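**Q** Dropping the structure in here first, questions after.
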Amino acid sequence: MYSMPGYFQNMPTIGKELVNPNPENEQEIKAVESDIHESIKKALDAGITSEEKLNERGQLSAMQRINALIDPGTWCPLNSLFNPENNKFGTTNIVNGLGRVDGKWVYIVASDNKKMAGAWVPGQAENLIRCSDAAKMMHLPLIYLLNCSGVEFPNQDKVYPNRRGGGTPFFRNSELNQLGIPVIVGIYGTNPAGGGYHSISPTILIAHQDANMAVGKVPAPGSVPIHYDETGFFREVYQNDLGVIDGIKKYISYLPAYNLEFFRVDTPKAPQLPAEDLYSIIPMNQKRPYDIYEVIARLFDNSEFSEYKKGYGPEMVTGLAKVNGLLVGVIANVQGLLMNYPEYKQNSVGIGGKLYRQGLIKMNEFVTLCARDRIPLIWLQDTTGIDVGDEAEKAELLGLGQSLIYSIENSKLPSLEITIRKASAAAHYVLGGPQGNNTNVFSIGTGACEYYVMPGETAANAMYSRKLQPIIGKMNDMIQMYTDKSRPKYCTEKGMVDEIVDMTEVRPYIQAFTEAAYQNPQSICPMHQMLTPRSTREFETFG
Amino acid sequence: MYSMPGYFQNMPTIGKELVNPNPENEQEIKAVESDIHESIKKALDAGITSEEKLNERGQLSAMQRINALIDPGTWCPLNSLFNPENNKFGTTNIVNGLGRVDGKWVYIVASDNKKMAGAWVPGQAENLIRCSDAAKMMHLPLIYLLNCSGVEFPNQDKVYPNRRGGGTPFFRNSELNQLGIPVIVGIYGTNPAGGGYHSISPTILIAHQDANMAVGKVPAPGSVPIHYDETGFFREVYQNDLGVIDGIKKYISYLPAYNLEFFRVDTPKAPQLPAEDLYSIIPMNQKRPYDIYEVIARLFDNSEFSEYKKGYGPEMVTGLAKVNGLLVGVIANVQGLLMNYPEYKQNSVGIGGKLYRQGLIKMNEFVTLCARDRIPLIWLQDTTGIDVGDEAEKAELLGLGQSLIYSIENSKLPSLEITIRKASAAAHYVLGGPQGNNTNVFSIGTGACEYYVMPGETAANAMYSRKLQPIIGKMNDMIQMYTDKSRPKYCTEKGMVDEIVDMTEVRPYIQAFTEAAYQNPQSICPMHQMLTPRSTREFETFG
Amino acid sequence: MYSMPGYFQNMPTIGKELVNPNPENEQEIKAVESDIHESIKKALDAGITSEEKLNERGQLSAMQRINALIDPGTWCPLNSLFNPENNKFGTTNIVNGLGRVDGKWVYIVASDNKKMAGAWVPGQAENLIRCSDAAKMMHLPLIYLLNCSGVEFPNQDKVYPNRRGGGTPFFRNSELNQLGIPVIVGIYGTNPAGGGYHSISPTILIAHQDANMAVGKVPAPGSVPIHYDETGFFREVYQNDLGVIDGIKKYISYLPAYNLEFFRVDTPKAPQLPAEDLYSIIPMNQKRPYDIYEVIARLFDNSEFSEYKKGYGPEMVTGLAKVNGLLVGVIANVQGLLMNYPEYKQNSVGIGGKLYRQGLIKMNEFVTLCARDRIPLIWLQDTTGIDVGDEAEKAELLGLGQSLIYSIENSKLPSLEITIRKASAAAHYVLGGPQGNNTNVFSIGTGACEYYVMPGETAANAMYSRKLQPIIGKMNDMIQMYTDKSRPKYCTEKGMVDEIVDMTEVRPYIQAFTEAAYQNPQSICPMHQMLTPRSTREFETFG
């Protein structure tokens with residue numbers, strides 16, 4: 001009951017059973033992961049009010065609202081620790097991510113009512129734009145669990161004005177609507193001005209009986225007697241938080257969505273090798289290489305993988321894989337030394353994690369093929385950059401990196417980026433990096449990830465070279481600075497990567513992304529009209 | 001030789017001769033203006049190298065390159081003092097704005113080679129995105145005068161990574177290209193990594209004989225012997241800065257552009273009343289009202305203006321005007337008390353600068369009419385917000401403000417916003433504010449402008465009310481804070497408004513915007529098929 | 001002064017000097033050509049009034065208006081003999097095609113005022129839609145030389161009503177406008193109803209002093225005293241036909257257009273081998289093969305050609321060429337027997353003109369590559385179909401033909417199709433056939449062309465096989481029928497091919513198409529970001 005089994009089923013299998021486990025490496029990754037989890041716990045509990053205190057007053061917390069809304073085990077948080085402006089509570093006062101509601105993936109934004117009743121705080125507008133952008137790119141419904149008191153008077157200058165401030169999301173909600181993407185808001189508590197516009201901008205308004213939305217024992221402006229009884233802007237009103245959630249569930253049940261079976265090329269299948277091995281496979285020792293095929297084997301269905309142009313551009317892996325039976329294009333760095341590579345140099349060894357002419361061209365082609373086939377791209381980054389020097393320049397490397405950018409921009413397909421370890425240099429950008437604002441929905445990273453323009457020592461040796469012990473002290477300060485400012489938690493705090501996820505969460509996020517991309521795609525390529533599988537086949541049989 | 005003179009020529013004239021000039025007011029505005037000019041002067045001269053020193057080494061400064069490129073008197077700088085991250089030199093290391101080249105308006109970005117040879121600095125990516133966005137919205141060619149050494153090692157974390165960092169503009173350049181908007185780069189000096197990608201991302205590459213672009217007495221990687229002789233990426237090479245500029249001029253001469261006469265409905269005509277009167281008309285005393293018609297009379301052709309729905313929504317002026325013979329829709333706040341207004345209240349007086357039901361609906365309609373007619377919108381803001389209270393709420397004010405946002409988002413036309421004085425509350429957003437990222441090309445402000453969520457005293461009285469002398473001291477601190485953080489220079493430094501312009505520069509910026517919007521529009525409504533003029537007429541004759 | 005000379009200049013040259021000329025073949029082609037020219041002459045002179053009689057009355061003919069408008073030698077007529085409904089005068093009462101005006105290519109439609117003063121006749125709406133569609137696809141200005149008396153009362157049922165009747169072009173003109181494509185009308189004589197709407201629908205209205213346009217010694221409704229003096233719909237009025245033309249020239253001079261130099265990769269160069277040899281090269285004996293490279297050598301610049309995947313899919317030629325220095329992708333059938341081909345059969349010989357797996361995939365890829373690179377496609381058809389049988393079916397031939405359709409539809413680029421000889425079967429469709437209404441601007445054919453579903457004898461042998469002399473008489477009748485209904489003139493009369501052009505006119509039409517496509521393209525791929533040249537190179541060097 002699937003198209004072209006000859007192409008899409010019984011694909012080459014990859015990966016080996018993990019013969020030599022590494023407990024110390026696993027220990028190190030999990031300690032990054034534990035720290036992430038601990039920080040999130042702390043950030044979610046931070047504020048001026050507790051879950052307990054809110055509950056007594058009649059209010060669920062953001063997470064209680066989310067957990068009430070979603071199918072169990074489907075919460076994929078993003079921007080959990082996003083806090084670029086260093087808010088004391090450690091958050092942007094919203095909780096956001098992907099969740100599934102009776103089988104339909106939705107993008108969720110929940111005001112954190114522990115923190116000045118979900119007030120605007122520095123960094124929040126940016127966080128919200130990342131949410132609407134994800135919804136836009138995926139053509140995925142946006143859900144607000146809204147409890148927003150608007151602007152705090154001390155810091156209005158950082159939250160009220162400007163191109164990408166508190167006013168942008170209301171336009172972003174109109175754009176979503178004009179693109180045919182529904183926004184659904186559950187309206188809680190007092191929402192004047194900023195919250196009022198967050199309340200009115202969505203497609204569907206579900207209100208709490210005690211909630212209000214307004215421009216700005218006299219009742220709070222724009223309560224239910226007004227926005228239900230008079231204006232009719234509140235389409236439905238409910239006694240309590242859970243009723244509002246169930247109202248939301250109801251309108252979500254109304255939303256268009258494919259039965260994903262329509263797009264499957266196979267029965268969903270678990271990987272053949274366990275994800276827990278990733279804790280041994282992906283080295284915390286950034287100098288150590290690993291086999292990327294072992295990672296791909298553990299993230300994609302049945303450890304199946306159909307490689308595009310294997311042997312050409314061996315610094316990269318590009319090929320098709322399946323996620324819950326759905327087609328994705330995977331683009332992943334190869335680690336390790338590459339003998340007699342690259343081809344434009346004599347007697348040379350190539351460094352895995354770097355980009356050369358063939359990998360760039362191979363990627364350009366693959367993106368373009370997947371673009372045409374409407375197959376979403378998942379990028380697995382572990383990169384140290386593009387090859388440098390005049391031999392690299394003559395090999396067109398600069399133009400090829402940019403060609404890839406162009407190819408990506410041309411794809412107009414939702415894309416996921418996963419930083420396995422290193423996100424560095426121009427390579428981070430061109431490898432479906434978060435800099436492609438039209439394509440990259442968001443990015444995630446493992447506990448083994450790190451982000452920099454270039455390595456600490458490279459930067460230090462560069463800026464201080466012209467010293468031809470105190471200078472060596474400045475150099476090592478810079479190196480440690482670069483280390484400090486490239487740790488997973490710091491990177492996600494600045495939003496360089498949207499979420500640091502556990503090794504056992506990577507596939508789930510891939511599953512969430514892929515199923516959300518196929519939920520209601522805006523463009524289709526029938527399987528029998530797909531070019532990637534054919535060109536892939538032809539390369540294997542013709543040379 | 002123009003369509004429908006009966007509609008578009010001999011429009012009602014507006015404005016009176018300035019009978020009572022105000023030298024003190026003029027003195028106050030010009031002192032803001034002088035401070036702006038002084039700061040710009042200082043910021044342009046700041047850095048590690050002088051114009052003199054660069055010239056000797058063979059390099060023109062950003063401004064010398066710009067002035068060499070553009071028709072005299074056509075430079076309309078934007079973001080001159082944009083510096084949200086507080087860079088010590090006071091700039092984002094680029095100089096940007098609109099310029100005209102042999103009659104064709106272009107968007108210009110010039111690396112400031114006085115400042116670490118045009119290195120990436122905090123705030124620069126954002127500044128650059130404002131440039132590409134303007135080019136996108138207007139379908140206007142983007143010109144780089146590029147001299148970019150890439151990343152400074154101390155601050156890479158603030159400039160290299162993230163969704164809207166140093167990598168975004170390369171995607172933004174690809175998008176421009178895919179939208180059919182050409183990017184032209186004059187490549188100066190050393191451009192590794194970041195500069196390399198700034199060099200390769202454009203459509204046309206004009207290089208200086210000593211310039212280089214690269215991924216990253218051995219020659220600097222990717223010099224002319226490489227990118228001219230080998231790769232051919234440098235399409236043209238020139239001996240000197242001026243040759244590069246002339247190369248750029250040549251490719252600009254190749255670009256498509258209407259003779260604006262095609263779109264004119266009239267001979268360009270100067271306003272009938274002089275702009276210097278604006279210095280008396282627009283009060284620096286923010287409590288004093290003024291006649292907006294006196295402003296509109298001095299900014300638009302022949303002081304002509306064709307008002308839409310005069311008498312309905314008297315808190316707003318909406319109507320058609322001409323800019324160098326071209327049709328624009330003007331939306332401007334009315335100042336002064338409005339007797340027996342608004343209509344949903346009894347025995348009431350309306351405050352000019354505020355938005356009520358009729359003005360919102362009138363604006364919704366006018367935007368929508370202009371959208372259909374492909375007439376670009378110029379918004380003149382002097383606003384204190386939307387009417388508040390449950391009578392305002394029953395009058396649908398929240399929904400109408402949002403309707404306006406939707407209408408704006410629906411217009412998909414380039415729009416200019418000019419803050420005459422007050423940019424405050426939700427009103428700033430909905431009045432074609434910079435929060436509409438798809439529509440507002442940029443925004444400008446006069447020396448009389450000020451930006452806040454709400455007035456200082458309102459915020460102070462709000463946050464401290466529940467004190468039922470030291471508290472009054474905290475309140476007055478906040479008030480002074482709000483004043484500090486709402487001055488024209490501060491607002492433009494944070495990019496709340498892109499440029500503070502002289503009263504005598506407002507029309508020129510309007511002329512630059514309008515002519516740039518009509519230079520190569522992506523959509524046309526023939527004049528005889530326009531609805532705005534007809535509906536306007538019908539309202540005047542039918543009631 | 002061009003990008004990447006290493007890729008785009010000094011391309012492999014092709015073709016040989018014509019050693020053995022064939023006067024009889026040349027005689028046969030030219031007799032088809034002479035017949036075409038004679039028929040056009042006759043059709044242009046047919047009607048109720050002569051050029052002489054019109055001139056005396058103050059009216060130029062369609063062709064005099066066209067010749068007055070265009071640069072000499074640039075007229076590329078289309079649909080000259082289009083007459084599907086068998087109008088007695090042999091035309092659709094309009095004259096249409098491509099013309100150049102002071103260097104700007106435009107699409108021209110001229111009412112034939114010899115024939116019931118340019119009245120609506122059967123087939124005319126369809127002819128007009130082919131004109132607006134071409135203008136749309138190429139983003140090329142549409143010019144009406146209008147002299148249209150509207151509907152003839154005897155045949156209103158065939159011209160007035162329905163989805164694609166006399167009313168469609170007015171919507172088509174609005175769409176052009178909304179797409180930013182200007183329509184310019186010179187209005188001559190009496191234009192009531194149908195002509196009135198043809199007059200009002202354009203962007204720019206230039207009227208003759210005695211002309212009128214209207215909904216429907218009392219003056220004809222909507223004369224100059226009305227539509228100039230009152231309504232202002234006539235933007236300009238002129239004394240005479242030539243003044244109107246010069247008015248039109250003026251507004252055309254106002255239109256945006258690239259200097260084509262912007263897009264050139266080389267100096268325009270004539271082919272190295274003369275086109276007159278095509279008269280010997282292309283065999284009128286449909287059983288005889290020829291070398292397609294000899295044709296490509298004579299149509300494209302400097303007989304240069306950069307082949308994509310030479311040796312793979314040898315039934316097709318796909319590669320880049322230059323037309324007046326501009327990049328085009330060429331897709332052409334290979335003639336002759338192909339030893340040991342195709343690959344999915346054993347001990348087989350392939351027939352040139354047929355499509356097999358590799359050529360289909362190669363074409364899919366090339367279209368997709370050119371799509372990404374924004375390189376317009378020129379298809380040279382000489383085809384007898386796609387390989388048949390279950391070996392062809394297992395080789396996915398049906399799915400690959402459809403994949404190609406999908407690829408073409410995905411390209412969203414203007415495309416030209418030239419039927420060198422045979423346009424038959426599904427192959428005609430998939431080879432950038434006129435059935436791709438979003439992509440194929442129009443199609444042209446040589447005097448050696450012929451169009452059928454399948455050959456006469458194939459159809460005869462198919463329908464009568466089950467006769468297991470009078471039946472052989474029915475079969476030969478059908479064969480002769482198929483011959484009758486597949487001749488160049490008949491095919492163009494039915495609009496199967498838009499124009500039959502002389503062998504020496506093919507390149508000129510290619511030059512007209514290509515320059516028109518690059519005049520104002522809606523999307524750009526910078527040369528250094530193009531993938532086709534790189535993938536082409538990589539195939540040559542890697543295997």
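Each chain in the structure tokens gets a letter, A, B and so on, in the order shown; residues start at 1 in every chain, and ligands are counted from 1 in the order they appear.
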Based on only C-alpha atoms, which of the residues in chain B come within 9 Å of chain C? I want them as a PyMOL selection string.
**A** chain B and resi 1-7+174+176-182+200-205+228-237+251+253-262+374+519-529
**Q** Taking the chain letters and numbering used in this document, name the residues of range 197-379 of chain C that DSSP puts in strand (DSSP E), as a ChimeraX atom specification.
**A** /C:204-208,212-214,236-238,306-307,316-323,326-333,337-339,349-351,354-355,377-379
**Q** Could you dump the residues just selected with C-alpha atoms as a CSV table (one decimal), in the first residue's frame?
**A**
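Okay, again_22.csv is ready:
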```csv
chain,number,residue,atom,x,y,z
C,204,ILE,CA,-2.0,53.3,-21.0
C,205,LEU,CA,-4.6,54.7,-23.5
C,206,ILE,CA,-3.4,56.6,-26.5
C,207,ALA,CA,-6.3,57.7,-28.7
C,208,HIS,CA,-6.7,58.9,-32.3
C,212,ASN,CA,-13.9,56.4,-29.7
C,213,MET,CA,-14.4,53.8,-26.9
C,214,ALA,CA,-17.7,53.1,-25.4
C,236,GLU,CA,-3.0,61.3,-24.8
C,237,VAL,CA,-4.7,62.2,-28.2
C,238,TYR,CA,-3.0,62.5,-31.6
C,306,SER,CA,28.3,23.2,-23.4
C,307,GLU,CA,26.7,19.8,-23.2
C,316,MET,CA,18.8,13.5,-26.2
C,317,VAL,CA,21.1,16.5,-26.4
C,318,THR,CA,20.9,18.8,-23.3
C,319,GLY,CA,23.3,21.6,-22.7
C,320,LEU,CA,24.0,25.3,-22.4
C,321,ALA,CA,24.3,27.7,-25.3
C,322,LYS,CA,24.4,31.4,-25.9
C,323,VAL,CA,22.0,33.7,-27.8
C,326,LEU,CA,22.8,35.3,-23.1
C,327,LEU,CA,22.5,31.8,-21.5
C,328,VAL,CA,19.9,29.4,-22.7
C,329,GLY,CA,19.4,25.7,-22.0
C,330,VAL,CA,18.9,23.7,-25.2
C,331,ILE,CA,17.1,20.4,-25.3
C,332,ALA,CA,17.1,18.6,-28.7
C,333,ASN,CA,16.4,15.2,-30.0
C,337,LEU,CA,20.3,4.5,-34.7
C,338,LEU,CA,21.8,4.1,-31.3
C,339,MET,CA,23.9,0.9,-31.0
C,349,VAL,CA,19.3,-0.6,-31.2
C,350,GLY,CA,17.7,2.7,-30.1
C,351,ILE,CA,15.9,4.9,-32.5
C,354,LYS,CA,12.5,8.4,-29.3
C,355,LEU,CA,12.7,8.9,-25.5
C,377,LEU,CA,14.8,26.6,-22.1
C,378,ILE,CA,14.7,26.2,-25.8
C,379,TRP,CA,13.3,22.8,-27.0
```
**Q** Have a look at CA of residue 168 in chain B and CA of residue 123 in chain A and let me know their distance in Å, one decimal.
**A**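 Atom-to-atom, CA of residue 168 in chain B to CA of residue 123 in chain A, that is 18.9 Å.
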**Q** Could you check how far CA of residue 125 in chain B sits from CA of residue 449 in chain B, in Å to one decimal?
**A**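 Atom-to-atom, CA of residue 125 in chain B to CA of residue 449 in chain B, that is 26.2 Å.
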**Q** Quick one: distance from CA of residue 479 in chain C to CA of residue 450 in chain C in Å, one decimal?
**A** 13.5 Å
**Q** Name the residues in contact with residue 88 in chain A at a cut-off of 10 Å, using only C-alpha atoms, excluding same-chain residues fewer than 2 positions from it; report them as a short mmCIF file (atom, residue, chain, number, x, y, z; two decimals) with N, CA and C atoms, in the first residue's frame.
**A**
```
data_model
loop_
_atom_site.label_atom_id
_atom_site.label_comp_id
_atom_site.auth_asym_id
_atom_site.auth_seq_id
_atom_site.Cartn_x
_atom_site.Cartn_y
_atom_site.Cartn_z
N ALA A 43 14.25 27.44 35.73
CA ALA A 43 13.68 28.56 34.98
C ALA A 43 12.15 28.50 34.94
N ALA A 46 11.02 29.50 38.49
CA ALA A 46 11.35 30.89 38.83
C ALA A 46 10.15 31.82 38.62
N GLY A 47 10.16 32.95 39.31
CA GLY A 47 9.09 33.92 39.20
C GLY A 47 8.66 34.46 40.55
N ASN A 83 17.32 33.33 26.68
CA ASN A 83 17.34 34.50 27.54
C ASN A 83 18.50 35.44 27.13
N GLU A 85 18.81 38.62 26.75
CA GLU A 85 18.89 39.89 27.48
C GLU A 85 19.13 39.72 28.99
N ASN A 86 19.39 38.48 29.41
CA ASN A 86 19.72 38.18 30.80
C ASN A 86 18.64 38.57 31.81
N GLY A 90 15.57 34.06 34.07
CA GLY A 90 16.21 33.15 33.11
C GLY A 90 15.38 32.76 31.90
N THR A 91 14.26 33.43 31.68
CA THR A 91 13.39 33.11 30.54
C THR A 91 12.85 34.35 29.85
N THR A 92 12.11 34.13 28.78
CA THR A 92 11.46 35.20 28.04
C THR A 92 9.99 35.27 28.40
#
```
**Q** For residue 416 in chain B, find every residue with an atom within 8 Å (counting only C-alpha atoms), except residues of its own chain fewer than 6 positions away, and show them as a PyMOL selection string.
**A** chain B and resi 377-379+432+440-443+510+513
**Q** Pick out the residues sitting within 12 Å of residue 384 in chain C, and hand them over as a PyMOL selection string; count only C-alpha atoms, and ignore anything fewer than 4 positions along from it in its own chain.
**A** chain C and resi 286-287+315+333-335+351-356+388+419+421-429+431+450-455+458
**Q** Leaving out residue 397 in chain A and any residue of its chain fewer than 6 positions from it, which residues lie within 8 Å of it when counting only C-alpha atoms, given as a list in words?
**A**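 The residues that qualify are residues 356, 357, 360, 386 and 387 of chain A; 215 of chain B.
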**Q** Choose the residue, out of C:471, C:145, C:284, C:121, that has the smallest atom-to-atom separation from residue 61 in chain C; count only C-alpha atoms.
**A**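 That would be C:145, the residue with the smallest distance to residue 61 in chain C.
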**Q** Name all residues at most 9 Å from residue 95 in chain C (count only C-alpha atoms; drop same-chain ones fewer than 6 positions away) and give them as a PDB file with N, CA, C and O atoms, in the first residue's frame.
**A**
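Resulting contents of part26.pdb:
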```pdb
ATOM      1  N   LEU C  44      -3.188  38.588 -45.093  1.00  0.00           N
ATOM      2  CA  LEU C  44      -3.011  39.999 -44.728  1.00  0.00           C
ATOM      3  C   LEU C  44      -3.717  40.970 -45.681  1.00  0.00           C
ATOM      4  O   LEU C  44      -4.105  42.069 -45.271  1.00  0.00           O
ATOM      5  N   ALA C  62      -2.857  47.298 -40.243  1.00  0.00           N
ATOM      6  CA  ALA C  62      -2.195  46.654 -39.112  1.00  0.00           C
ATOM      7  C   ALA C  62      -0.683  46.634 -39.302  1.00  0.00           C
ATOM      8  O   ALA C  62       0.075  47.016 -38.404  1.00  0.00           O
ATOM      9  N   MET C  63      -0.255  46.184 -40.480  1.00  0.00           N
ATOM     10  CA  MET C  63       1.161  46.008 -40.778  1.00  0.00           C
ATOM     11  C   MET C  63       1.905  47.329 -40.902  1.00  0.00           C
ATOM     12  O   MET C  63       3.079  47.408 -40.541  1.00  0.00           O
ATOM     13  N   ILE C  66       2.348  48.355 -37.349  1.00  0.00           N
ATOM     14  CA  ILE C  66       3.424  47.537 -36.782  1.00  0.00           C
ATOM     15  C   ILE C  66       4.785  48.007 -37.284  1.00  0.00           C
ATOM     16  O   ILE C  66       5.661  48.324 -36.486  1.00  0.00           O
ATOM     17  N   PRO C  77       6.381  37.518 -36.456  1.00  0.00           N
ATOM     18  CA  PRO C  77       4.955  37.226 -36.393  1.00  0.00           C
ATOM     19  C   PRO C  77       4.668  35.856 -35.786  1.00  0.00           C
ATOM     20  O   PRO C  77       5.459  34.917 -35.934  1.00  0.00           O
ATOM     21  N   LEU C  78       3.549  35.762 -35.085  1.00  0.00           N
ATOM     22  CA  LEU C  78       3.057  34.492 -34.583  1.00  0.00           C
ATOM     23  C   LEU C  78       1.603  34.390 -34.979  1.00  0.00           C
ATOM     24  O   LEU C  78       0.915  35.412 -35.127  1.00  0.00           O
ATOM     25  N   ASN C  79       1.132  33.160 -35.157  1.00  0.00           N
ATOM     26  CA  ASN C  79      -0.274  32.920 -35.469  1.00  0.00           C
ATOM     27  C   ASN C  79      -0.728  33.596 -36.768  1.00  0.00           C
ATOM     28  O   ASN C  79      -1.925  33.830 -36.965  1.00  0.00           O
ATOM     29  N   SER C  80       0.225  33.879 -37.662  1.00  0.00           N
ATOM     30  CA  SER C  80      -0.078  34.548 -38.938  1.00  0.00           C
ATOM     31  C   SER C  80      -1.257  33.892 -39.658  1.00  0.00           C
ATOM     32  O   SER C  80      -2.162  34.574 -40.139  1.00  0.00           O
ATOM     33  N   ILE C 108       3.067  42.476 -29.500  1.00  0.00           N
ATOM     34  CA  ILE C 108       2.176  43.352 -30.252  1.00  0.00           C
ATOM     35  C   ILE C 108       0.928  42.622 -30.726  1.00  0.00           C
ATOM     36  O   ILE C 108       1.009  41.496 -31.212  1.00  0.00           O
ATOM     37  N   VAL C 109      -0.219  43.275 -30.563  1.00  0.00           N
ATOM     38  CA  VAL C 109      -1.479  42.807 -31.115  1.00  0.00           C
ATOM     39  C   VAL C 109      -2.090  43.961 -31.907  1.00  0.00           C
ATOM     40  O   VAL C 109      -2.321  45.034 -31.363  1.00  0.00           O
ATOM     41  N   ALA C 110      -2.337  43.741 -33.195  1.00  0.00           N
ATOM     42  CA  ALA C 110      -2.943  44.766 -34.043  1.00  0.00           C
ATOM     43  C   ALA C 110      -4.219  44.271 -34.699  1.00  0.00           C
ATOM     44  O   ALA C 110      -4.203  43.272 -35.407  1.00  0.00           O
ATOM     45  N   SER C 111      -5.322  44.972 -34.447  1.00  0.00           N
ATOM     46  CA  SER C 111      -6.581  44.733 -35.140  1.00  0.00           C
ATOM     47  C   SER C 111      -6.381  44.884 -36.637  1.00  0.00           C
ATOM     48  O   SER C 111      -5.731  45.833 -37.091  1.00  0.00           O
ATOM     49  N   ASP C 112      -6.922  43.942 -37.400  1.00  0.00           N
ATOM     50  CA  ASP C 112      -6.872  44.021 -38.847  1.00  0.00           C
ATOM     51  C   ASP C 112      -8.076  44.812 -39.349  1.00  0.00           C
ATOM     52  O   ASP C 112      -9.169  44.260 -39.502  1.00  0.00           O
TER      53      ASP C 112
END
```
